[PDB]
Every structure is written in C-alpha cells, then in structure tokens.
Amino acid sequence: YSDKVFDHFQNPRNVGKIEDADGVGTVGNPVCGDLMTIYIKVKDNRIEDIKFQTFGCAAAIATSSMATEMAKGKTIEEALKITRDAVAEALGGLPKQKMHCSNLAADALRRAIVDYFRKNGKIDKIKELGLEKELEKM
C-alpha cells in the first residue's frame, strides 16, 4: 500500500452519516463480503456535504475516504467522472485484487447519485446519463 493509502487509512476523511436525507447508496461485494454506505447533499447539482460508512479492508476504507474527498465541492456531472480507476490513481495505485475495493467506493458514489434522482423524481436523467443499470438495481 502506497503512503497515500496509509494516510487515508489512519486519518479517513468524512466518516459518518447525514440522517434521513438526499442521496444514499448501499453496495456490497459478492466476492469478499464487504459493505459500504455513502452520504451526500447538494447545491442544485453541486455537492456541499458528504460522509461515509464502510465495512472492509484498509484498501476499502481508503477508497471511500479518497472517493468522498474527491467528490467535495464538485457538481453532479464532475463526480460521475470519479471511476474505479480514478480513485485508484489518486491513491497512487493499488495491488490487483484490491481493485474491486475501488469499484465499491465508485458504485456507492454511483448509487447515492441514483438516489438524489430516484428521490426527487428524475427518471429522464437516469436513462440519459447512461446510468440506467443502477436504478434498475435499487
């Protein structure tokens, strides 16, 4: 694990929850059992509040910390561009086998955008942001 993965492991950014609120995405991994929950709030389409709750390995806790802090102050458009590979490169690489830990921090940020949409009634943005698969999953 890179020195950056460590920093974000010992000092994770944005741990917690925001009660009965906007976007919240829950995903688990079929392969290793890990579970993650992401909490967000928005400006009109620009994230001003974010926290995470995670169950997994050091890599996993580091992806959410980096994924969350990458998505702070950025618009809905910008933080849809935070992919598995983006969190990974920011964290200065990960071992193969830890890669799925990035997917988890990516899809938990995916799904909490699929909430500020399913909970605000915007089904055109879901089928138009190519993000149709996840609303048809939660």
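The first residue of the sequence shown is number 1, and the count goes up from there.
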query	finding
Mean Cα B-factor comparison, 24-32 or 80-88, giving the higher one as deposited	24-32
93-101 or 69-77, whichever carries the higher mean Cα B-factor	69-77
B-factor third for the C-alpha atom of residue 14 within its chain	middle
Chain thirds of CA B-factor: placement of residue 42	highest
For residue 113, the third of its chain into which the C-alpha B factor falls	highest
